[PDB]
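Novice: Below you will find the structure I want to go over with you.
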Amino acid sequence: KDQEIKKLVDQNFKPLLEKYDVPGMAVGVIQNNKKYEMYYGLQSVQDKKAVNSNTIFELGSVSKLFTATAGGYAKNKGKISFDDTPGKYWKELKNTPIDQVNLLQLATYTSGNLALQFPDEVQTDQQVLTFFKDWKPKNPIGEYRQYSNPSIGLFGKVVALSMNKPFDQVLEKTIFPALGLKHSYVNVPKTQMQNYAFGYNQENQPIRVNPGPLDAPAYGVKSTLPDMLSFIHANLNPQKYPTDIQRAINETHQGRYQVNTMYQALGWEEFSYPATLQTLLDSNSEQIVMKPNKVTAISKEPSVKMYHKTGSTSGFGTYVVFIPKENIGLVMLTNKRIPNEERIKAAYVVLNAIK
Ligand SMILES: *[B@]([O])([C]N1[C]=C([C][N]S(=O)(=O)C2=[C][C]=C([C])[C]=[C]2)N=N1)OP([O])([O])=O
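Read in order, the letters of the sequence shown are residues 4 to 358 in PDB author numbering.
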């Protein structure tokens, strides 16, 4: 029956390459502790270099899952509390209005006045500090979700301060090794540059992500399909992992609040399983992703849960999804963006057909 996984992935993912003119794709499934890796197309059109198990892709927003894990790790080590405010760690923010927002509210986008992106003019360390010092509340703190790079970027910066190391080193020296990841990076080293895919924009031009303010915690991790399968494996089966990372992983699975059928965990989106296709698609609707939404307390605590997260950079699309009770998960990495709905639907069909 496992002979069907390749066929399902071919039926559901492979057509997206032609449909969206995507040069390269890697799709992985993990089921019952067995990994299946499917590679398509080219990591570099100009070089005619094939996608394979060494290919490094930009994860975009899926990077937020690592930030959340790093936060869970620091919390379980006693380095932070989710009730603390940023000013406890970034001294220059002490006694400023942003110092009334707690770390959980930053991590889960509920400061009430932070948009998807910083302003284009905000670039340097100094401009970032100033942005946060000048910050003033809008909506009541904790009450409205607006998905935000700055919000979780500040979260990540505070996590790093609490661990007395720059955020890149928190991931590369502490979190990635604890997860057993061998080719995951904030900064891809010279010795791996040959493995780094080009991304391709909507005009099919090769592109890679540009440096930006607090980029690393928001959208700055790069990884391979095998490493992302290992990450899903850790999420499905944390028992094998060191206690510290185990608690960190568990921390990311805890739903914090609800927006109808979408529960916001740390980094991860959470849903009741089984979830309808429309539930999973609407989690990435314009309304949820781009606009403020007033949240509620979790009322229905799902007995059986599933989690997902999309990610995009200019030249790359990512989707990761796992379902603990079914012991299954899927990762899709492309070096061109395709609509979220296609990613989510393809994964839905595959995981349902294997279930
Ligand atoms: B995260 O990666 C956060 N995220 C996504 C975006 C949209 N930028 S983009 O989709 O990469 C893009 C770049 C260039 C052009 C012309 C269009 C779109 N900004 N921050 O991803 P999600 O999936 O939204 O959670």
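All residues carry an ideal CB built from backbone N, CA and C; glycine is no exception.
Would you decide whether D230 is buried or exposed? Buried here means 16 or more other CB atoms lie within 10 Å of its CB.
Specialist: By 1-based counting over the sequence shown, the position of residue 230 is 227. Classification of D230: buried, given that the 10 Å Cβ count is 16 or more.
Novice: Buried or exposed: which applies to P245, given that a residue is buried once 16 or more other Cβ atoms fall within 10 Å of its Cβ?
Specialist: Position 242 of the sequence shown, counted from the first residue, corresponds to residue 245. The residue in question, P245, is exposed, as its Cβ has fewer than 16 Cβ neighbours within 10 Å.
Novice: For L117 versus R259, is the C-beta spacing smaller than 9 Å?
Specialist: By one-based count along the sequence shown, residue 117 stands at place 114. By one-based count along the sequence shown, residue 259 stands at place 256. No.
Novice: When we look at the beta-carbon of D137 and count the other beta-carbons within 10 Å, is it buried (16 or more) or exposed?
Specialist: Position 134 of the sequence shown, counting from 1, holds the residue named residue 137. So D137 counts as exposed.
Novice: By the 10 Å Cβ neighbour count, where 16 or more other Cβ atoms means buried, how is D218 classified, buried or exposed?
Specialist: Sequence index remark: in the sequence shown, residue 218 carries index 215 (1-based). That one is buried.
Novice: Would you say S275 and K308 are within 9 Å of each other, going by their C-beta atoms?
Specialist: Position 272 of the sequence shown holds residue 275. Position 305 of the sequence shown holds residue 308. Yes, the Cβ-Cβ distance between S275 and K308 is below 9 Å.
Novice: Using a Cβ-Cβ cutoff of less than 6 Å, which residues in the same chain neighbour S315 once the five nearest sequence positions on both sides are dropped?
Specialist: For the purposes of this step, residue 315 is identified with residue 312 of the sequence shown, where counting begins at 1. Hits under 6 Å: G63 and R340.
Novice: Kindly identify the DSSP beta-bridge partner or partners of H311.
Specialist: In the sequence shown, counting from the first residue as 1, residue 311 sits at position 308. In the DSSP output, where bridge partners are listed per residue, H311 has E272 and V324.
Novice: How is the alpha helix (DSSP H) around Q242 delimited, first residue to last?
Specialist: Here residue 242 corresponds to residue number 239 of the sequence shown, with the count starting at 1. Neither: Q242 is in no alpha helix (DSSP H) and is coded neither H nor E.
Novice: If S66 and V224 are in contact, beta carbons under 8 Å, what's the gap, nearest whole angstrom?
Specialist: Looking up residue 66 in the sequence shown gives position 63. Looking up residue 224 in the sequence shown gives position 221. Right, their Cβ atoms sit about 4 Å apart.
Novice: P305: which of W271, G270 and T264 sits nearest, CA to CA?
Specialist: Locating residue 305 in the sequence shown gives position 302, counting from the first residue. That would be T264, whose Cα lies nearest to the Cα of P305.
Novice: Within this structure, are the beta carbons of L68 and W271 separated by less than 9 Å?
Specialist: Position 65 of the sequence shown holds residue 68. Position 268 of the sequence shown holds residue 271. Taking 9 Å as the Cβ cut-off, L68 and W271 qualify as a contacting pair.
Novice: Going by DSSP, what residue range makes up the alpha helix (DSSP H) through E344?
Specialist: Counting from one through the sequence shown, the residue named residue 344 turns up at place 341. It spans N343 to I357 - the alpha helix (DSSP H) in which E344 sits, taken as one unbroken run.
Novice: Within the segment 16-67, note down every full beta strand (DSSP E) run reaching 3 residues or more, in order along the chain.
Specialist: 27-34 and 37-47
Novice: What are the uninterrupted segments assigned as beta strand (DSSP E) that are 3 or more residues long and contained completely in the segment 146-216, given in chain order?
Specialist: Entirely contained in the segment 146-216, not one beta strand (DSSP E) run reaches 3 residues.
Novice: Would you check whether ligand 1 has a heavy atom nearer than 8 Å to the C-beta of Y150?
Specialist: By 1-based counting over the sequence shown, the position of residue 150 is 147. Answer for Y150: yes, Cβ within range of ligand 1.
Novice: I need the straight-line Cα distance from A29 to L228, nearest angstrom please.
Specialist: Taking the first residue of the sequence shown as 1, we reach residue 29 at position 26. Taking the first residue of the sequence shown as 1, we reach residue 228 at position 225. In a straight line, the C-alpha of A29 is about 6 Å away from that of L228.
Novice: Using C-beta distances below 8 Å, list every residue in its chain close to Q103, excluding the 5 sequence neighbours before and after it, in chain order.
Specialist: Translated into the one-based positions of the sequence shown, residue 103 becomes position 100. Contacts found: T88, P140 and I144.
Novice: Which residue's Cα is closest to the Cα of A163: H236, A73, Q205 and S233?
Specialist: In the sequence shown, the residue the question calls residue 163 occupies position 160. Checked all of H236, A73, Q205 and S233; the closest Cα to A163 is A73.
Novice: Closer than 8 Å is the cut-off here; do at least three beta carbon pairs connect the segment 79-97 with the segment 201-215?
Specialist: Fewer than three Cβ pairs drawn from the segment 79-97 and the segment 201-215 lie within less than 8 Å of each other, which leaves the two stretches out of contact.
Novice: Under DSSP, the alpha helix (DSSP H) around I291 begins and ends at which residues?
Specialist: As a first step, residue 291 is located in the sequence shown; it is residue number 288 there, counting from the start. First-last of the alpha helix (DSSP H) with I291: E289 to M293.
Novice: Who pairs with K297 in a beta bridge, going by DSSP?
Specialist: Taking the first residue of the sequence shown as position 1, residue 297 is located at position 294. Paired residues: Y147.
Novice: Just to confirm, does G270 get its C-beta within under 8 Å of one of the non-hydrogen atoms of ligand 1?
Specialist: One-based indexing of the sequence shown puts residue 270 at position 267. Outside the cutoff, so no.
Novice: Using a 10 Å radius around the Cβ and a threshold of 16 neighbouring Cβ atoms, would you call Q6 buried or exposed?
Specialist: As a position in the sequence shown, residue 6 is number 3, starting the count at 1. Around the beta-carbon of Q6, fewer than 16 other beta-carbon atoms lie within 10 Å, marking it exposed.
Novice: Can you round the beta-carbon distance between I331 and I33 to whole angstroms, since I take them to be within the 8 Å contact cut?
Specialist: Within the sequence shown, residue 331 is the residue found at index 328, counting from 1. Within the sequence shown, residue 33 is the residue found at index 30, counting from 1. Rounded, the Cβ-Cβ distance is 7 Å, consistent with contact.
Novice: To which residues of the same chain is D171 closer than 7 Å at the C-beta, ignoring the five residues directly before and after it?
Specialist: Here residue 171 corresponds to residue number 168 of the sequence shown, with the count starting at 1. Hits under 7 Å: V189, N190 and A219.
Novice: I'd like to confirm the pairing. Which residues does DSSP put opposite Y260 in its beta bridges?
Specialist: Translated into positions along the sequence shown, residue 260 becomes position 257. Paired residue(s): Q267.
Novice: Is the CB-CB distance between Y310 and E273 below 9 Å?
Specialist: In the sequence shown, counting from the first residue as 1, residue 310 sits at position 307. In the sequence shown, counting from the first residue as 1, residue 273 sits at position 270. In this structure, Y310 places its C-beta atom within 9 Å of the C-beta atom of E273.
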